[PDB]
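Presented below is the structure to which this report refers.
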Amino acid sequence: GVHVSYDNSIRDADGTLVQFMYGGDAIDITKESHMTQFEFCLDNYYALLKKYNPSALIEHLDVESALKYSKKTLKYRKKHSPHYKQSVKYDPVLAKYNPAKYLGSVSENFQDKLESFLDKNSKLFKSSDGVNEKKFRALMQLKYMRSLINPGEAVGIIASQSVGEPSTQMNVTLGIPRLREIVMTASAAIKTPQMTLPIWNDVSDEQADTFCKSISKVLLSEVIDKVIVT
Amino acid sequence: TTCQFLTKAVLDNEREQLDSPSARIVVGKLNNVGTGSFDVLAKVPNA
Amino acid sequence: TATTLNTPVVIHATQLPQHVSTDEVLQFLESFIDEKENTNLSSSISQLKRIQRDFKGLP
Amino acid sequence: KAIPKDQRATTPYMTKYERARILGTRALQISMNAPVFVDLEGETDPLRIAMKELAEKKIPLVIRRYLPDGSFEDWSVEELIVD
Amino acid sequence: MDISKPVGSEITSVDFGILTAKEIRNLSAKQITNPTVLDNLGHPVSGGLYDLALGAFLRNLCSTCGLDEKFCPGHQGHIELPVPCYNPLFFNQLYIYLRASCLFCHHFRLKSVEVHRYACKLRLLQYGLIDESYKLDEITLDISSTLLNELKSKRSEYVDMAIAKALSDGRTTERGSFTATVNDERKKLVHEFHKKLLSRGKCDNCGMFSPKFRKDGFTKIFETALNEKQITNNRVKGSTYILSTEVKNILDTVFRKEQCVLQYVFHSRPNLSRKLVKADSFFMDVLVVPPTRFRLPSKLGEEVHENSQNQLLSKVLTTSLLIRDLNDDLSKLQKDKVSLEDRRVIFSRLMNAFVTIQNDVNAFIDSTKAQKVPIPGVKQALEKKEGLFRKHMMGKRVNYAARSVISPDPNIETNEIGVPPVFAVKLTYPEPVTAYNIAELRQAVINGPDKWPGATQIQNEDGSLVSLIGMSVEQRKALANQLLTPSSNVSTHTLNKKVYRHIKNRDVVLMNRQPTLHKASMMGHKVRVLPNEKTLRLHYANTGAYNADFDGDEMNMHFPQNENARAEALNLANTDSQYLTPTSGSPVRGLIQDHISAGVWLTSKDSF
Amino acid sequence: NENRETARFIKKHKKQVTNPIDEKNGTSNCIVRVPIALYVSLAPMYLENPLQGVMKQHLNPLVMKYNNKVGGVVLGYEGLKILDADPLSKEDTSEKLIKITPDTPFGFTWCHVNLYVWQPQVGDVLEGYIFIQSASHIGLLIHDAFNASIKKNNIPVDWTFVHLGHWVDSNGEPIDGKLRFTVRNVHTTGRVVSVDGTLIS
Amino acid sequence: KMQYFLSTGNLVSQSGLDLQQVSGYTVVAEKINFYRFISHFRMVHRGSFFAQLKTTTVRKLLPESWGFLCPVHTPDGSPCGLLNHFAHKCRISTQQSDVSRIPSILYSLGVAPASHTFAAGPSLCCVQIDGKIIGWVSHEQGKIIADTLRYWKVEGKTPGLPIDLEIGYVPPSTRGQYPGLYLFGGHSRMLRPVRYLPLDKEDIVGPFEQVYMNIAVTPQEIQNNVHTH
Amino acid sequence: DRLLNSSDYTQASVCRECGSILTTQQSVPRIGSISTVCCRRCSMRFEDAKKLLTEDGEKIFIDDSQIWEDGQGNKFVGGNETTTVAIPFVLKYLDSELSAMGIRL
Amino acid sequence: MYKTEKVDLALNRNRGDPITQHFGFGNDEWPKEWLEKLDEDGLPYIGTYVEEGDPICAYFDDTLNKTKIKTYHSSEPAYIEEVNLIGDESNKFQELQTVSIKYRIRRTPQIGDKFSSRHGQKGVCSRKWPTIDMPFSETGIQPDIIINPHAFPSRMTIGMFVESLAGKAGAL
Amino acid sequence: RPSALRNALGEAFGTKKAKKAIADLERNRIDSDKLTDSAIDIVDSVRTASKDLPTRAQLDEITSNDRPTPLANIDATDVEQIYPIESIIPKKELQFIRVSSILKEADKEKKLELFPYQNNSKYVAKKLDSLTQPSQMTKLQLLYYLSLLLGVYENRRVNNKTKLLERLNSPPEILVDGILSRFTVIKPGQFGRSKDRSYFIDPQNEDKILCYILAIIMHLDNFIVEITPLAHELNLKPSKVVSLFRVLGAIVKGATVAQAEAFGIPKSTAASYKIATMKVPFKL
RNA sequence: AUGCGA
Ligand SMILES: [Zn+2]
Ligand SMILES: [Zn+2]
Ligand SMILES: [Zn+2]
């Protein structure tokens with residue numbers, strides 16, 4: 001029952017919404033592979049410009065509304081580039097503009113990596129024929145819009161097979177029994193329930209060994225040498 | 001446990017809204033996913 | 001003649017019928033017959049003209 | 001259920017699934033003697049003919065995109081960017 | 001299927017609900033009464049299991065439809081169960097509801113206003129008003145009848161307010177409110193409801209001491225004695241087996257006296273049907289009779305195997321008729337026979353008979369509810385490992401399909417599949433004939449079914465089928481000049497003829513391997529008829545997507561019959577749409593073995 | 001309750017009107033115009049004659065034909081209206097829209113049309129031109145369209161035979177031309193529509 | 001009735017023959033290949049009921065099977081490990097013999113008769129013959145009897161001592177198998193030849209005694225004071 | 001197309017007034033009557049029918065058992081898989097039902 | 001490939017008021033082209049080519065007053081190897097109601113047939129390569145079988161390599 | 001002994017013993033006596049509930065049953081009066097079957113022009129030899145009836161009136177109408193009638209007709225029928241002939257000395273020579 | 001089910 005609504009939200013065939021975006025970005029795995037290989041795409045810039053020629057499409061939508069959000073939020077977000085003290089005044093652009101309609105509505109993680117690439121490639125920008133970060137960035141955004149997951153894609157099933165099929169190739173429970181222990185039974189009784197504890201930078205290794213002994217359970221049996229009942 | 005779900009369904013007087021892809025298969029209905037996520041109509045000349 | 005491709009699934013009136021006068025009947029007949037003449041239905045049309053003649057007085 | 005034209009908010013592009021269904025249904029129509037609005041240009045496969053009709057957007061079909069509420073947007077082929 | 005035969009009455013939803021014996025009697029095509037099945041070793045017993053009212057048989061027409069075995073859809077008869085019994089399917093339920101009553105008042109032993117409390121919650125959850133469902137608990141105040149009625153007033157007012165708001169706000173509708181969370185809140189509520197229902201170990205509304213109820217498991221309920229402290233307390237308030245009949249007579253009255261709450265207790269959504277909640281819902285006063293069409297014996301090649309239903313049903317008729325005959329024997333004793341304890345034994349026959357019939361009907365439902373490897377009942381028919389649903393609904397056999405061991409072929413496209421001419425001559429496409437395909441179909445007809453781009457059959461536009469299986473070149477020649485004939489019936493003037501043409505180099509086909517581990521393992525390939533082949537030819541590039549190897553692996557070839565499925569098999573399922581896996585998006589399709597060593601050798605700087 | 005179900009039988013099986021004799025000298029106004037809603041299929045081949053498509057498809061075979069629901073022989077149709085599948089066209093648009101099946105190229109539509117129906121009832125007094133005269137019935141033809149026959153059993157013994165000979169009326173003169181009769185029944189279980197007249201009421 | 005049971009393989013009786021299943025006992029000789037025909041008669045099954053088991057320790061090839069079950073003749077699929085195959089040199093005892101004379105020789109060898117022994121424990125070796133407990137000795141006498149027994153086995157002068165007797169010696173072992181000298185001569189023993197070096201002649205060994213026996217695999221690997229065969 | 005259209009696809013009768021696919025029957029024809037689809041729930045016993053408090057003309061249909069009925073002429077045909085019909089076999093025994101929806105009702 | 005058949009005339013053996021079915025004819029009206037396959041005793045000529053649809057025997061039941069035949073229902077043609085008349089273990093049965101017919105189905109090596117070395121390196125025959133197109137050695141021969149080397153790196157069927165070099169030496 | 005068995009059980013298993021004991025608990029006293037009285041009242045309720053169905057079997061045998069037969073006269077004091085001619089040949093048709101011309105006609109060919117049916121059967125040759133007196137007119141009428149039934153049986157595969165008519169010799173319409181109405185399942189209808197009268201004879205009707213035929217032979221043979229020769233003559237299954245004769249209630253067994261002598265069959269084959277007979281005390 | 005191809 002789990003599929004993509006036309007609004008990009010993940011709803012069940014019941015109608016119950018499960019996620020508001022696929023992985024929170026609505027990106028298709030079958031597209032992503034090169035979606036973050038910017039330099040290569042650039043070496044084949046003119047070809048991709050021939051695929052995603054914008055002049056056919058630049059007439060049907062807006063390339064600024066999201067870019068405007070990018071200006072106010074990109075400023076304040078670079079101002080807030082501590083985690084729980086978030087830029088709560090600005091949700092990500094994917095919340096504020098249909099990624100299919102205003103080119104530039106992209107995960108902030110992808111936006112940031114892309115800009116940082118454009119800055120780190122000013123020397124590639126000293127190797128181009130004339131390409132600029134607005135023309136290349138515009139192209140890569142258009143790759144992003146054209147890489148989005150289609151309305152109605154059976155992504156629930158796709159997920160499920162993507163977990164089953166590779167699990168055929170298969171101190172704590174690993175592999176299939178572990179996945180079973182989670183996915184299949186949601187067992188409140190792990191076979192090897194563990195809790196990882198970060199120890200402060202100041203915590204010496206010897207203090208840590210003292211604490212390791214100091215926390216472990218100690219049964220009376222553990223100290224008993226001999227019991228004689230007469 | 002098909003019969004168990006049968007019992008709880010009848011006792012509820014449940015109505016199937018025919019959403020499950022499987023359930024819809026049971027009734028021989030175009031699946032609602034993908035190409036069945038929508039309907040197609042036709043534009044016809046009125047004059 | 002047994003299925004949808006020839007016969008409507010369902011027919012329902014939305015109000016109580018209206019009792020067309022002889023003159024309204026004749027005006028409909030003349031307009032309908034003329035529009036149809038302008039196909040075994042023609043034979044029923046042949047009967048409609050006789051009805052028209054009977055709605056004229058005499059076949 | 002009628003989503004106002006002023007209010008249509010969905011992807012201007014034809015989904016792969018929408019395009020697929022359109023091509024099937026229109027092909028099926030021509031194959032059931034729907035009047036072809038494009039040059040047959042020799043072709044005999046109704047499916048490739050419907051593909052020609054898509055290339056010219058001569059297709060006279062409309063997509064009803066449903067929203068899980070049940071509201072829908074009636075879109076012409078002649079506007080949704082085919083690809 | 002034919003595209004030429006549309007329907008426009010599609011099912012939009014499915015309501016579930018209990019039948020009723022009077023409904024069955026009105027619809028029932030017949031009552032089957034005779035425990036005989038066949039007679040004189042070979043004849044269909046009148047008004048028995050194989051009465052023609054239950055469908056057509058042996059060239060005998062359906063006595064309810066007069067239709068042949070190949071035509072009569074069949075009709076469902078019915079059995080009038082002597083005494084009322086217990087429905088296995090709800091037996092746990094009726095036991096629960098039995099434990100909830102008062103035996104001197106015949107109400108639920110739970111506080112009436114608290115009950116009303118429940119009814120309120122279940123009404124709000126018909127509309128799924130969850131926040132209000134939690135908000136009801138706040139209504140608060142020896143407790144006067146004026147005060148208990150004041151709680152009933154505030155609660156009813158609360159119902160009216162939450163409804164008036166939600167209906168005003170359109171936050172629900174006349175049709176109720178239905179969501180997954182509403183269902184869950186119902187299961188939790190109905191559970192806490194049942195726990196409070198169980199808490200009363202004596203009546204509160206009436207103070208009465210209900211007996212402890214014991215059960216055998218599926219055929220008897222017993223009514224336990226009480227303690228003299230409770231008995232004498234009953235004086236101031238002034239284990240035995242009981243039949244289903246007494247259970248029905250008590251529970252009916254209890255179920256009516258608490259109909260006002262139970263009305264909302266037994267529906268998760270608004271009872272638009274104004275359905276009375278009847279105790280006869282858990283009991284079977286009658287038994288239906290399925291169509292014989294669906295009760296035919298399994299004859300596989302020579303062996304005729306009896307139907308298991310015939311056997312269990314004959315067991316029901318024998319037991320029931322014996323019990324009716326015992327009822328005749330007491331109707332004999334019953335003049336008066338003042339001291340003939342002789343019946344003290346036929347009365348043992350009555351008790352034994354009664355448990356017997358109940359258990360045997362149970363057996364008719366579920367073998368695992370009766371008392372070595374007995375014929376399966378409907379519960380066994382529906383589940384085990386397939387559940388009629390899994391074995392014939394969630395998966396089926398299919399037509400237009402072939403299976404064969406695959407053989408490699410590198411010279412075909414990577415998107416094609418090599419079809420051997422046996423399969424190329426035995427698979428057809430239902431081609432509507434036009435002015436644009438008249439030439440091709442006229443030639444295919446000329447070839448006939450036993451040649452290349454040929455055709456096995458011709459379906460007229462009148463609906464009739466004309467097989468070309470044995471027609472001569474002359475006969476096919478005559479039909480070729482008739483493929484484009486004019487209309488004949490205005491009933492059919494809109495259609496055009498169809499030709500069941502062989503599969504050819506322009507068709508798409510859906511190849512599926514064994515372990516359907518992922519959707520990428522079942523793709524559509526473009527058909528390429530290969531001469532002088534007998535095995536499915538496949539390009540190597542696909543074998544790492546099927547996880548296939550020519551060791552002996554066999555593949556299913558599906559030929560879709562429809563432009564919707566053709567367009568999907570040429571555009572979506574097609575190999576080109578499968579260059580990446582959705583698991584990871586790494587390409588799963590590339591050259592293999594020898595081609596790899598060939599690239600390593602050819603691309604060496606040493607290669608001139 | 002048992003009167004909801006009797007309300008179902010009388011109120012569902014109720015008859016609307018009893019078409020009277022015009023001026024009590026004509027015929028019963030069994031001809032009536034009724035606006036309906038029908039549900040028809042549309043082939044693709046009528047994409048250039050869609051209103052006429054529906055006509056040729058469904059409405060043309062319906063004329064001169066009995067409909068159980070309307071209770072009579074369709075006298076003609078008026079005002080076909082395709083219900084647009086998509087709102088706003090003060091019903092008016094150079095093109096309409098229709099739902100296509102999710103399996104076939106066929107369309108399904110709502111339609112609103114006025115019907116011209118011949119809705120006779122039992123007891124109506126009608127006049128007919130004698131079709132035939134056999135010793136068990138009198139054949140007549142209503143409007144030159146509807147065949148009517150009055151069988152011997154429903155005829156007054158006061159009628160007079162003259163020999164398949166000839167009938168002489170109750171007055172004592174042989175019948176000729178037109179006959180005035182009351183409708184006893186209308187039969188429709190076969191080939192074409194049907195009827196039944198009486199001379200005793 | 002035996003044609004029916006033998007035609008279905010559903011052997012059923014009021015005692016159940018002390019067997020875990022009522023099917024699968026019969027197989028079609030399936031002569032599609034002479035290899036298959038001979039393969040049928042050296043195939044042995046662990047039984048259907050262990051085929052039903054979910055685990056694999058039953059399927060695990062154990063080293064005890066050396067010389068008795070084939071390490072490579074095993075089907076692939078559900079039966080894997082369930083359908084074992086006998087070694088081409090394996091034999092099956094079909095009779096029992098001269099067990100009556102073995103007590104006499106043991107008594108001569110120093111076994112105390114169980115009425116006289118009056119002792120029992122892991123601290124002492126129990127000499128048993130076919131599940132007839134005949135006596136107790138020191139564990140040292142356990143070893144002396146085992147080896148001298150093998151000498152009188154390979155010898156030809158003690159007819160009360162059939163060549164095919166299996167000499168189960170169990171030495172004393174910390175938490176080991178409970179000690180004893182369990183001889184067996186009865187039916188269904190699996191027996192296989194090995195070459196006894198001290199008398200340079202063939203000797204029949206079964207899988208029980210093999211556990212504690214040092215059998216060199218070839219003459220050049222015979223380790224001093226270790227491999228007896 | 002695969003799990004239906006090419007397997008057990010059947011255009012089957014359902015009662016537009018009952019919503020069931022197993023009460024449906026072909027009514028028996030007569031000297032003046034063709035075969036007509038009837039729903040068993042939607043018919044009246046010719047022995048009753050208010051006859052004491054009470055005809056359309058065309059609501060009487062006859063069974064192969066010669067039984068006259070009033071009504072039952074409101075059922076139609078819909079595309080489903082034949083196994084669906086197989087379900088009433090078990091389910092109708094199971095004391096449940098289909099309310100097979102359609103257009104207006 | 002041999003397929004053996006039992007042709008029984010005692011399907012219902014039935015009470016025992018009759019048991020007359022006899023191989024042969026009576027009405028003459030049968031298609032005399034059946035003699036092209038079935039001898040005047042109702043049994044096919046041993047050696048006969050049989051194809052799907054061909055009559056495998058002809059018999060006569062007095063109840064039907066008809067000469068009936070058992071049709072052959074198979075995917076492939078065969079040849080009749082033996083026809084065996086069974087009167088044995090019977091009390092009288094002289095009417096010859098049981099006949100066993102053996103079919104000989106020739107099986108040519110064909111694309112899709114499985115082949116294996118003695119090393120479990122199994123493969124279907126992908127194609128029957130033209131002799132001219134095969135590779136020919138300087139000894140003037142072209143191999144019988146070609147196995148792809150790329151199978152070995154996973155299988156490590158090196159015993160097969162030694163069998164190749166041993167069979168070559170041992171032939172020479 | 002069961003109790004003792006229980007003791008054995010007690011020793012063997014605590015748990016299993018518990019289960020059996022539970023069974024005992026389930027039984028309890030079973031019929032309680034006070035409970036029994038209440039139950040009796042319930043039985044009265046059952047009386048109302050009870051499916052007052054009928055005699056079950058007597059009614060079925062009397063009425064339509066495994067195969068229909070002519071109406072037997074259970075009170076007949078002579079076998080010939082069990083199935084009178086009017087039961088074999090309906091009164092309405094019997095009054096119209098006048099065979100006087102057949103008795104008076106000496107020429108076999110002219111008699112053939114008088115027969116309602118002509119076929120390949122030897123029956124007419126067999127019965128004709130014995131019908132020489134006018135007193136046998138009734139017997140001759142029965143001969144007429146077999147001929148008519150034979151025409152029906154051999155053409156039971158005919159599915160329309162005209163094709164059936166093609167096999168008969170201008171038989172009285174009343175005979176065809178009666179046979180089709182009560183011994184066949186007519187597909188009724190004026191729609192079919194405008195083209196022709198179409199119909200079919202189902203297997204149960206075929207069984208009925210065959211029973212009527214055996215009834216005819218039985219009457220003309222004074223209720224003593226040779227099984228073997230009849231089966232051979234009619235091309236019927238031995239099991240079918242036996243079953244059908246038993247439906248009529250005849251006793252079929254090996255010939256008596258008198259029967260063997262009269263029929264001229266070896267006494268040694270008498271036990272294998274099946275004869276059908278009818279007696280005074282009617283069959284149950 | 002026994003066995004088996006993958
Ligand atoms: Zn039927
Ligand atoms: Zn109470
Ligand atoms: Zn209904």
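Each chain in the structure tokens gets a letter, A, B and so on, in the order shown; residues start at 1 in every chain, and ligands are counted from 1 in the order they appear.
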(request) Give the residues close to ligand 3, within 6 Å, counting only C-alpha atoms (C1' of nucleotides) and all ligand atoms; write them as a PyMOL selection string. (result) chain H and resi 15+17-18+39+41-42
(message) Using only C-alpha atoms (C1' of nucleotides) and all ligand atoms, which residues have at least one atom no more than 7 Å from ligand 1? Output them as a PyMOL selection string.
(response) (chain E and resi 53-56+62-67+72-75) or (chain H and resi 25)
(request) Compile the contact shell of residue 111 (chain E) as a PyMOL selection string: residues with an atom at most 7 Å away, counting only C-alpha atoms (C1' of nucleotides), same-chain residues fewer than 4 positions apart removed. (result) chain E and resi 115+204-205
(request) Considering only C-alpha atoms, state which residue in the set J:100, J:277, J:181, J:38 is at the smallest distance from residue 132 (chain J). (result) J:100
(message) as a PyMOL selection string, please: the residues near residue 16 (chain H) (cut-off 10 Å, only C-alpha atoms (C1' of nucleotides), same-chain neighbours under 3 positions excluded).
(response) (chain E and resi 9) or (chain H and resi 13+19-21+39+42+72-77+99-105)
Could you save those same residues with C-alpha atoms as a PDB file, in the first residue's frame?
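New file out05.pdb:
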ATOM      1  CA  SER E   9     -20.848  -0.796 -12.699  1.00  0.00           C
TER       2      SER E   9
ATOM      3  CA  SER H  13     -23.952 -10.915 -12.414  1.00  0.00           C
ATOM      4  CA  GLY H  19     -24.894  -6.104  -3.804  1.00  0.00           C
ATOM      5  CA  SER H  20     -24.358  -9.826  -4.112  1.00  0.00           C
ATOM      6  CA  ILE H  21     -23.112 -12.060  -6.856  1.00  0.00           C
ATOM      7  CA  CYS H  39     -31.866 -11.090  -7.886  1.00  0.00           C
ATOM      8  CA  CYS H  42     -35.271  -8.531  -4.671  1.00  0.00           C
ATOM      9  CA  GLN H  72     -35.869  -9.016  -8.806  1.00  0.00           C
ATOM     10  CA  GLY H  73     -35.418  -7.243 -12.151  1.00  0.00           C
ATOM     11  CA  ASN H  74     -32.786  -4.754 -10.997  1.00  0.00           C
ATOM     12  CA  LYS H  75     -29.462  -6.629 -11.218  1.00  0.00           C
ATOM     13  CA  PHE H  76     -26.559  -6.015 -13.595  1.00  0.00           C
ATOM     14  CA  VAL H  77     -23.167  -7.473 -14.651  1.00  0.00           C
ATOM     15  CA  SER H  99     -22.256  -5.018  -0.491  1.00  0.00           C
ATOM     16  CA  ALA H 100     -21.020  -4.622  -4.053  1.00  0.00           C
ATOM     17  CA  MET H 101     -21.282  -0.903  -4.654  1.00  0.00           C
ATOM     18  CA  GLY H 102     -21.961   0.678  -8.049  1.00  0.00           C
ATOM     19  CA  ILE H 103     -23.533   3.962  -9.177  1.00  0.00           C
ATOM     20  CA  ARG H 104     -26.399   5.475  -7.218  1.00  0.00           C
ATOM     21  CA  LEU H 105     -28.416   3.280  -4.855  1.00  0.00           C
TER      22      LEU H 105
END
(request) Check which residues fall inside 9 Å of ligand 2 when counting only C-alpha atoms (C1' of nucleotides) and all ligand atoms, and print them as a PyMOL selection string. (result) chain E and resi 101-110+202-210
(request) Skip residue 74 (chain J) itself and residues of its chain fewer than 5 positions away, then list as a PyMOL selection string all residues within 12 Å of it, counting only C-alpha atoms (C1' of nucleotides). (result) chain J and resi 62+79-84+249+279-284
Can those selected residues be exported to a file as a tab-separated table (two decimals), in the first residue's frame so that it contains N, CA and C atoms?
chain	number	residue	atom	x	y	z
J	62	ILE	N	-42.85	-43.40	-2.90
J	62	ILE	CA	-44.18	-43.27	-3.51
J	62	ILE	C	-44.14	-42.26	-4.64
J	79	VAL	N	-50.52	-59.48	-10.37
J	79	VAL	CA	-49.42	-58.67	-10.90
J	79	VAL	C	-49.85	-57.85	-12.11
J	80	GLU	N	-50.72	-58.41	-12.95
J	80	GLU	CA	-51.17	-57.68	-14.13
J	80	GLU	C	-51.95	-56.43	-13.76
J	81	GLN	N	-52.49	-56.36	-12.56
J	81	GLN	CA	-53.26	-55.19	-12.14
J	81	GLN	C	-52.42	-54.15	-11.42
J	82	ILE	N	-51.13	-54.42	-11.18
J	82	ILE	CA	-50.27	-53.45	-10.53
J	82	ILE	C	-50.06	-52.22	-11.40
J	83	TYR	N	-49.69	-52.43	-12.66
J	83	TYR	CA	-49.49	-51.35	-13.62
J	83	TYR	C	-50.51	-51.49	-14.74
J	84	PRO	N	-51.73	-51.00	-14.55
J	84	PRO	CA	-52.73	-51.14	-15.60
J	84	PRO	C	-52.35	-50.32	-16.82
J	249	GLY	N	-39.16	-53.29	-9.45
J	249	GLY	CA	-39.45	-54.23	-8.39
J	249	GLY	C	-39.52	-55.68	-8.79
J	279	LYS	N	-44.59	-60.41	-8.16
J	279	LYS	CA	-45.51	-61.20	-7.35
J	279	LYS	C	-46.67	-60.41	-6.76
J	280	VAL	N	-47.43	-61.06	-5.88
J	280	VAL	CA	-48.59	-60.44	-5.23
J	280	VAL	C	-48.17	-59.33	-4.27
J	281	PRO	N	-47.57	-59.71	-3.13
J	281	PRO	CA	-47.11	-58.73	-2.14
J	281	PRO	C	-46.20	-57.72	-2.82
J	282	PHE	N	-46.69	-56.50	-3.02
J	282	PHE	CA	-45.91	-55.49	-3.72
J	282	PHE	C	-44.60	-55.17	-3.00
J	283	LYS	N	-43.63	-54.74	-3.81
J	283	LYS	CA	-42.29	-54.37	-3.34
J	283	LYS	C	-42.33	-53.24	-2.33
J	284	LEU	N	-41.31	-53.22	-1.48
J	284	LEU	CA	-41.14	-52.17	-0.49
J	284	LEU	C	-40.09	-51.18	-0.98
(request) Mind checking which residues fall within 12 Å of residue 41 (chain C), counting only C-alpha atoms (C1' of nucleotides), ignoring those fewer than 2 positions away in the same chain, and posting them as JSON, numbers by chain? (result) {"C": [33, 36, 37, 39, 43, 44, 45, 46, 47, 48], "E": [490], "F": [55, 56, 57, 58, 59, 60, 61, 62, 63, 64, 65, 76]}
Residues within 8 Å of region 142-153 of chain J, only C-alpha atoms (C1' of nucleotides), excluding chain neighbours under 5 positions, as a compact mmCIF listing (two decimals) with N, CA and C atoms, in the first residue's frame:
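Result file is around30.txt:
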# COMPACT_ATOMS: atom_id res chain seq x y z
N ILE J 85 -52.93 -50.72 -17.96
CA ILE J 85 -52.65 -50.07 -19.23
C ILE J 85 -52.79 -48.55 -19.14
N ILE J 89 -50.19 -46.40 -20.49
CA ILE J 89 -50.61 -45.55 -21.59
C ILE J 89 -51.67 -44.65 -21.01
N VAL J 99 -55.82 -50.09 -32.45
CA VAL J 99 -54.95 -51.00 -33.18
C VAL J 99 -55.73 -52.03 -33.96
N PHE J 115 -47.88 -49.05 -38.54
CA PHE J 115 -47.12 -48.78 -37.33
C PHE J 115 -46.76 -47.30 -37.22
N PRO J 116 -46.63 -46.78 -36.00
CA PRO J 116 -46.30 -45.36 -35.83
C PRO J 116 -44.83 -45.09 -36.05
N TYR J 117 -44.03 -46.15 -36.06
CA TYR J 117 -42.59 -46.08 -36.16
C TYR J 117 -42.08 -47.33 -36.87
N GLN J 118 -41.00 -47.17 -37.62
CA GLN J 118 -40.35 -48.31 -38.26
C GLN J 118 -38.86 -48.22 -37.97
N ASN J 119 -38.26 -49.35 -37.64
CA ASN J 119 -36.83 -49.35 -37.33
C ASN J 119 -36.19 -50.68 -37.72
N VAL J 124 -41.17 -56.33 -33.11
CA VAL J 124 -42.45 -56.55 -33.78
C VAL J 124 -42.55 -57.96 -34.31
N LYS J 127 -43.25 -60.17 -30.94
CA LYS J 127 -44.60 -60.07 -30.38
C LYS J 127 -45.69 -60.36 -31.40
N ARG J 167 -38.55 -39.33 -38.13
CA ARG J 167 -38.42 -40.75 -37.84
C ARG J 167 -39.73 -41.49 -37.65
N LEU J 168 -40.85 -40.82 -37.47
CA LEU J 168 -42.07 -41.55 -37.17
C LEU J 168 -43.01 -41.63 -38.36
N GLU J 206 -34.47 -40.25 -19.69
CA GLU J 206 -34.08 -41.45 -20.42
C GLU J 206 -34.28 -42.68 -19.55
N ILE J 209 -38.03 -43.44 -19.38
CA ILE J 209 -38.49 -44.11 -20.59
C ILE J 209 -38.08 -45.57 -20.59
N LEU J 210 -36.82 -45.84 -20.26
CA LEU J 210 -36.35 -47.22 -20.25
C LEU J 210 -37.15 -48.06 -19.26
N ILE J 213 -40.34 -48.94 -20.92
CA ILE J 213 -40.13 -50.00 -21.91
C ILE J 213 -40.08 -51.36 -21.23
N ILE J 216 -43.32 -52.51 -20.39
CA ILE J 216 -44.08 -53.03 -21.52
C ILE J 216 -43.75 -54.49 -21.77
N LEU J 220 -46.33 -57.76 -21.50
CA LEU J 220 -46.64 -58.67 -22.60
C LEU J 220 -46.11 -60.07 -22.33
(request) Name the residues of chain C that fall into helix (DSSP H, G or I) according to DSSP on the backbone, using the chain letters and numbers of this document, as a ChimeraX atom specification. (result) /C:22-37,41-54
